[PDB]
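Participant: What follows is a protein structure lacking sequence information:
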DNA sequence: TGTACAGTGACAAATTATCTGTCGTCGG
DNA sequence: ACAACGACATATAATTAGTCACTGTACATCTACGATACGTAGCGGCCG
DNA sequence: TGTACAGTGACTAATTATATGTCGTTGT
Ligand SMILES: [Mg+2]
């Protein structure tokens, strides 16, 4: 969960290999974060409140169409590339009935009271995985 | 540079402060936020000003601002600088050279100076240990430092010349040095001899063991010449070795890399190297040549520590039964050690790689299959006498022995290059310089000894005895001073007899 | 980039004595 | 009138120096010395 | 019952940077 949060917060900066057309332009600290002491520390470290639906479309629009779909081979990295391409150029470019004019991304942008300032990368190190002992 | 800090093991008090801060993350209104502070002053038993300080420490540091920071004096000593420098330098001077002064002894030097200065509070011994503690840990750390290793197929061997040899393929750089084995051996009667010497020749590219010599004999340019021919030539072992794979390893190095022992930095190895066309190179430190040295720890660990008569890696680890529990002769130890090298060691995984055996990597790593050299052409191993001169009557005199040759009377007064075998000096190959090249001349023979064989150390021991006996110099006279000492024992002769019995089994 | 084998932390799987439910049996 | 920051004073555990009882490990014949090489000097025999 | 010194946990006293009140001052 902390790794998913780190990604969300930081700028994305994806490689040419994903062959994306659109930019994944979000970044930023929320006011609240809802989840399934560690996450509450992270909330207190970063300054937001921890509390304790794309899946239908990922199945229909991506995963049920892929090699090896569990009712051919596919590596984890390839699946990531497929998932990112789907997210950046299709799913976030879609318009819901409740938005009408604006896409999922555009309404996101459109609704901000202000452009947040990116959190320097180091302040998110608390999210990363850790090995506790190594010898130099 | 970047400067980040992260808190860990937060909870023990701090979880109470964390729950207070979680209750205070938003300035909701000037009316309500003050009430939230005055409520948090029930969970922490402290005033509004303590909670306002906690919120400021949190906003300026993040999670470490909840944790109590360590005092500014932590790691400083209250005794004053004079005593802190006196204690540090006293220790250091007292562990200079061979001196090994203990902290207790430093404390005695502290009480001695304090008495001279009329001080009343010379630091206590417990504080001397504390003041010297940091400079002891450093010493222990500086001994313990690990080094990584060559990783993948690329390897550059450093020489004493500061040049690095790029090791590109099998037989590009062989390496050699010697060591004692850690087992006491016995003669064929079951009496103690001595711990053999083991020599190994390794190829750097494959780390396969390309040849050995095992014996009671001393490191010598002779033992190196024998290790070289065993490495170079195609190898044959009988069924009494019970081998289940073949040591199919042979051919000639382009370079040979060694420690600075007098076996290697020698005219004899220079002449072998010039005739075989390989270049002699010097190891810059023991720690550069681990490809030679490390075969030796593996053998202690995989082979020799599991054999009777084992002596340990040093005198403080010597099994007290080693001198009573010896059982193997040199012929048994070779029959075990050769098997170990052919069936186990050359068949194990090359550790840098993880997916090849040492032999598989050698065989696949040849740039081409080399042609086996004729066993006669290994006469390049013969030692050279550079500048002896032919006497009138077609004669050469050499280590007291006098030699006669089939065309040699044609060249009285001339200078000749003599090639000889230290195992058999009865015969001399004579070469001469013509057109600034060596040309072969003749097989000179020790006159009256054509039916007889003398090794150089026998002619030498006979000459020493003959000099001190006051008798005359002649071919027989030297043979007479051999045949008594032969017929009539001394450990070196007893060792030589068991070593000979192994060489007989090689024929 | 010295080096490579044996001993040692870190993690996962199969087995068993031990802790929990549920019911039946006996005593107050 | 409410909230935040500094001046000044006051109480406090962290750090260091010191003391004390229990324990680990050396004292118990032992590495200067052996085995190679080169580099230089010498002894009498042979010749002029 | 080998034998006696240096290093080590366990506890205590002196010193100090630090946490807590209390009030004065300023911004909102
Ligand atoms: Mg050596």
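Facilitator: Arrived safely, thanks for sending. Residues are numbered from 1 along each chain as shown, chains lettered A, B, ... in the order given.
Participant: Can you show me the helices along chain A?
Facilitator: Ranges of helices in chain A, per DSSP state H, are A:2-9, A:38-46, A:55-61, A:76-89, A:104-110.
Participant: closest one to residue B:199 among those?
Facilitator: Nearest to residue B:199 among the helices of chain A is helix A:76-89 (51.6 Å), distances taken as CB to CB. To be clear about C-beta, it is placed using only N, CA and C from the backbone, and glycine gets the same treatment.
Participant: buried sites along that closest one?
Facilitator: Across helix A:76-89, burial judged by 16 or more other CB atoms under 10 Å in any protein chain shown covers A:81-89.
Participant: Which residue does chain A have closest to DNA strand E?
Facilitator: residue A:44 (18.0 Å; CB to the nearest atom of the strand).
Participant: Looks like that residue contacts residue B:21 (just checking).
Facilitator: Yes: under the criterion of CB atoms under 8 Å, residue A:44 is in contact with residue B:21, at a separation of 5.5 Å.
Participant: so what sits against both of these two?
Facilitator: Common contacts of residue A:44 and residue B:21, defined by CB atoms under 8 Å, 6 or more residues apart in numbering or on different chains, comprise residue B:58.
Participant: Would you convert the helices of chain A into CSV that also reports distance to DNA strand C?
Facilitator: CSV is the format used below for these (distance: least, CB to the nearest atom of the strand, whole Å):
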stretch, distance to DNA strand C
helix A:2-9, 16
helix A:38-46, 15
helix A:55-61, 26
helix A:76-89, 17
helix A:104-110, 36
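Participant: Quick one, which of these gets closest to DNA strand D.
Facilitator: That would be, of these and by CB to the nearest atom of the strand, helix A:38-46, which comes in at 17.7 Å.
Participant: could you check the angle helix B:48-61 makes with the closest one?
Facilitator: Angle, helix A:38-46 to helix B:48-61, by axes from the mean of the first three to the mean of the last three CA atoms, to 10 degrees: 90 degrees.
Participant: Residue of chain A closest to DNA strand C, please.
Facilitator: At 5.0 Å from DNA strand C, residue A:133 is the closest residue in chain A, using CB to the nearest atom of the strand.
Participant: Quick one: neighbours of that residue, just the number.
Facilitator: For residue A:133, the neighbour count with other CB atoms under 10 Å in any protein chain shown is 4.
Participant: burial measure for residue A:41, as a count.
Facilitator: 22.
Participant: so who does residue A:18 touch?
Facilitator: A:81, A:84-85, A:88.
Participant: Relative to chain B, which of these is nearest.
Facilitator: residue A:84 (27.6 Å; CB to the nearest CB).
Participant: Surely the closest one touches residue A:14?
Facilitator: Yes: counting by CB under 8 Å, residue A:84 does reach residue A:14; the two are 6.5 Å apart.
Participant: tell me the contacts of residue A:2?
Facilitator: Per CB under 8 Å, 6+ apart, neighbours of residue A:2: A:38-39, A:42, A:126-127.
Participant: And the residues you listed, which of them are buried?
Facilitator: A:39, A:42, A:126-127.
Participant: Of the residues you listed, which are in range of DNA strand D?
Facilitator: By CB under 7 Å from any atom of the strand, no member of these lies near DNA strand D.
Participant: Tell me which residues touch the residue of chain A found nearest DNA strand D, please.
Facilitator: Here chain A gets closest to DNA strand D at one residue, residue A:47, 15.2 Å apart by CB to the nearest atom of the strand. Counting by CB under 8 Å, 6+ apart, residue A:47 touches A:29, B:25.
Participant: what residues does chain A put near chain B?
Facilitator: A:37, A:40-41, A:43-49, A:122-123, A:125-126, A:135 (CB under 8 Å from any CB of the partner chain).
Participant: out of those residues, which is most surrounded?
Facilitator: For the residues of chain A next to chain B, the largest neighbour count, defined by other CB under 10 Å, is 27 neighbours, found at residue A:44.
Participant: nearest residue to the closest residue to the ion within chain A other than its sequence neighbours?
Facilitator: Residue nearest to the ion within chain A: residue A:135 (30.3 Å; CB to the ion). Once flanking residues are discounted, residue A:135 sits nearest to residue B:146: 6.6 Å by CB to CB, 6 or more residues apart in numbering or on different chains.
Participant: okay, now residue A:19: neighbour count?
Facilitator: 11.
Participant: same check, this time on residue A:111
Facilitator: As a burial measure, residue A:111 scores 8 neighbours (other CB under 10 Å).
Participant: Could you do residue A:11 as well?
Facilitator: With other CB under 10 Å as criterion, residue A:11 counts 13.
Participant: any idea how far it is from chain B?
Facilitator: 16 Å (CB to the nearest CB, to the nearest Å).
Participant: show me what contacts residue A:22?
Facilitator: Applying CB under 8 Å, 6+ apart, one finds that residue A:22 lies in contact with A:88-89, A:92-93, A:105.
Participant: Pull out whichever of those are also neighbours of DNA strand E.
Facilitator: Applying CB under 7 Å from any atom of the strand to the contacts of residue A:22, none is adjacent to DNA strand E.
Participant: Which two among the residues you listed are spaced furthest apart?
Facilitator: The widest separation within the contacts of residue A:22 (CB to CB) is 10.5 Å, between A:89 and A:105.
Participant: picking up where we left off before, any chance of the contacts of residue A:2 in a markdown table with distance to DNA strand E as columns?
Facilitator: Below are those laid out as a markdown table (distance: CB to the nearest atom of the strand, whole Å):
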| residue | distance to DNA strand E |
| --- | --- |
| A:38 | 25 |
| A:39 | 27 |
| A:42 | 24 |
| A:126 | 22 |
| A:127 | 27 |
